[PDB]
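In what follows, a structure is listed as structure tokens, so that the remarks can point back to it.
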Amino acid sequence: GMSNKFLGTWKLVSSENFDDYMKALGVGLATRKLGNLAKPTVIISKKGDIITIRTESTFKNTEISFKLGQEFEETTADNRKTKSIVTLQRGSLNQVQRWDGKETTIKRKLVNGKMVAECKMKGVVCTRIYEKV
Ligand SMILES: CCCCCC/C=C\CCCCCCCCCC(=O)O
């Protein structure tokens, strides 16, 4: 299952190309401006086989709970209603969100003890690096 090294609290320390990623998602300017300033914490926890990913920031909080391989309904931080799934691949915790004929992926992987989230929509790739705190 998911590595226990994911469990805990993570703080954003770097974000590359997030504005264009939000644009690709259809997020408007005022929201993007606040999204570009946000430096969330992400809390990953488990209970049994249910994993929870909670994001906290001044602007927006989100939370998803899921079992690996089992599709679920999600509310995103930009207020999309998606059909989502999280699965593993080579230890990477990989999320797909689908809505309205569109798709985005968020792949969260451990790299030298940092959590790296790669976020792809259309051609746009955004990389967000988190430190464990
Ligand atoms: C919830 C805090 C970060 C987002 C703040 C701006 C809100 C809405 C715009 C849409 C953002 C959707 C992507 C959220 C980030 C996913 C990748 C990550 O966990 O780093």
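Residue numbering restarts at 1 for every chain of the structure tokens, chains are lettered A, B, ... in their displayed order, and ligands are numbered from 1 as they appear.
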
| request: Write out as a PyMOL selection string the residues lying within 7 Å of stretch 95-111 of chain A, counting only C-alpha atoms and excluding same-chain residues fewer than 5 positions away. | output: chain A and resi 81-87+116-121

Given 7 Å and only C-alpha atoms and all ligand atoms, residues near ligand 1 as an mmCIF file with N, CA, C and O atoms, in the first residue's frame:
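The resulting file, part.cif, is shown below:
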data_model
loop_
_atom_site.group_PDB
_atom_site.id
_atom_site.type_symbol
_atom_site.label_atom_id
_atom_site.label_comp_id
_atom_site.auth_asym_id
_atom_site.auth_seq_id
_atom_site.Cartn_x
_atom_site.Cartn_y
_atom_site.Cartn_z
ATOM 1 N N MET A 22 -3.685 26.362 -13.150
ATOM 2 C CA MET A 22 -5.014 26.870 -12.809
ATOM 3 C C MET A 22 -5.745 27.421 -14.018
ATOM 4 O O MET A 22 -6.952 27.225 -14.148
ATOM 5 N N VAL A 27 -9.776 28.342 -13.917
ATOM 6 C CA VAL A 27 -9.847 29.206 -12.740
ATOM 7 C C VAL A 27 -9.661 30.649 -13.173
ATOM 8 O O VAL A 27 -8.751 30.951 -13.954
ATOM 9 N N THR A 31 -9.168 34.474 -8.364
ATOM 10 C CA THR A 31 -8.893 33.228 -7.659
ATOM 11 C C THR A 31 -7.457 32.788 -7.875
ATOM 12 O O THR A 31 -6.795 32.350 -6.938
ATOM 13 N N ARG A 32 -6.973 32.889 -9.108
ATOM 14 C CA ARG A 32 -5.584 32.527 -9.367
ATOM 15 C C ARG A 32 -4.622 33.375 -8.567
ATOM 16 O O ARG A 32 -3.613 32.874 -8.088
ATOM 17 N N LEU A 34 -4.933 34.611 -5.644
ATOM 18 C CA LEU A 34 -4.881 34.066 -4.301
ATOM 19 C C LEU A 34 -4.264 32.663 -4.311
ATOM 20 O O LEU A 34 -3.478 32.319 -3.405
ATOM 21 N N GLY A 35 -4.554 31.858 -5.315
ATOM 22 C CA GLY A 35 -3.929 30.541 -5.395
ATOM 23 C C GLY A 35 -2.431 30.597 -5.546
ATOM 24 O O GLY A 35 -1.716 29.766 -4.987
ATOM 25 N N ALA A 38 -0.932 31.245 -2.125
ATOM 26 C CA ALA A 38 -1.165 30.269 -1.082
ATOM 27 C C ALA A 38 0.039 29.370 -0.924
ATOM 28 O O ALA A 38 0.671 28.954 -1.901
ATOM 29 N N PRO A 40 0.019 26.058 1.023
ATOM 30 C CA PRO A 40 -0.754 25.174 1.881
ATOM 31 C C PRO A 40 0.105 24.201 2.678
ATOM 32 O O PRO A 40 1.232 23.870 2.322
ATOM 33 N N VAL A 42 -0.421 20.191 3.700
ATOM 34 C CA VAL A 42 -1.098 18.985 3.253
ATOM 35 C C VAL A 42 -0.853 17.920 4.296
ATOM 36 O O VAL A 42 0.303 17.618 4.609
ATOM 37 N N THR A 55 -5.923 19.420 2.751
ATOM 38 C CA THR A 55 -5.157 20.603 2.402
ATOM 39 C C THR A 55 -5.708 21.782 3.183
ATOM 40 O O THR A 55 -6.926 21.998 3.183
ATOM 41 N N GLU A 56 -4.820 22.529 3.828
ATOM 42 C CA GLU A 56 -5.215 23.698 4.599
ATOM 43 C C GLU A 56 -4.442 24.905 4.112
ATOM 44 O O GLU A 56 -3.211 24.889 4.003
ATOM 45 N N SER A 57 -5.153 25.995 3.877
ATOM 46 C CA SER A 57 -4.530 27.267 3.559
ATOM 47 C C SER A 57 -5.484 28.370 3.992
ATOM 48 O O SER A 57 -6.676 28.124 4.186
ATOM 49 N N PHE A 59 -6.703 30.682 2.177
ATOM 50 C CA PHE A 59 -7.718 30.819 1.142
ATOM 51 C C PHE A 59 -8.727 29.675 1.170
ATOM 52 O O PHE A 59 -9.927 29.920 1.207
ATOM 53 N N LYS A 60 -8.247 28.433 1.090
ATOM 54 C CA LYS A 60 -9.115 27.281 0.859
ATOM 55 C C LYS A 60 -8.592 26.080 1.617
ATOM 56 O O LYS A 60 -7.396 25.811 1.652
ATOM 57 N N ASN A 61 -9.534 25.316 2.192
ATOM 58 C CA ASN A 61 -9.253 23.997 2.710
ATOM 59 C C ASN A 61 -9.997 22.957 1.846
ATOM 60 O O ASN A 61 -11.115 23.203 1.416
ATOM 61 N N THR A 62 -9.385 21.797 1.682
ATOM 62 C CA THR A 62 -10.018 20.664 1.005
ATOM 63 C C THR A 62 -9.722 19.412 1.778
ATOM 64 O O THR A 62 -8.746 19.335 2.526
ATOM 65 N N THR A 76 -13.027 19.883 -5.523
ATOM 66 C CA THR A 76 -11.693 20.436 -5.627
ATOM 67 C C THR A 76 -11.656 21.817 -4.987
ATOM 68 O O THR A 76 -12.691 22.432 -4.686
ATOM 69 N N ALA A 77 -10.455 22.362 -4.876
ATOM 70 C CA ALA A 77 -10.276 23.650 -4.204
ATOM 71 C C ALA A 77 -10.882 24.818 -4.996
ATOM 72 O O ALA A 77 -11.246 25.851 -4.417
ATOM 73 N N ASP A 78 -10.977 24.647 -6.299
ATOM 74 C CA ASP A 78 -11.588 25.580 -7.240
ATOM 75 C C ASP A 78 -13.047 25.279 -7.493
ATOM 76 O O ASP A 78 -13.685 25.896 -8.355
ATOM 77 N N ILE A 106 -2.732 14.426 -10.713
ATOM 78 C CA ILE A 106 -1.838 14.906 -9.682
ATOM 79 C C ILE A 106 -1.111 13.720 -9.115
ATOM 80 O O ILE A 106 -1.724 12.850 -8.482
ATOM 81 N N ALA A 117 4.558 17.005 -5.949
ATOM 82 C CA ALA A 117 3.284 16.874 -6.636
ATOM 83 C C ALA A 117 3.447 17.413 -8.047
ATOM 84 O O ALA A 117 3.733 18.581 -8.254
ATOM 85 N N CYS A 119 1.396 18.112 -11.391
ATOM 86 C CA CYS A 119 0.007 18.414 -11.702
ATOM 87 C C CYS A 119 -0.071 18.711 -13.203
ATOM 88 O O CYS A 119 0.571 19.647 -13.657
ATOM 89 N N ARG A 128 5.030 21.053 -7.602
ATOM 90 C CA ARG A 128 4.935 21.625 -6.267
ATOM 91 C C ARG A 128 5.724 20.739 -5.321
ATOM 92 O O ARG A 128 5.507 19.528 -5.267
#
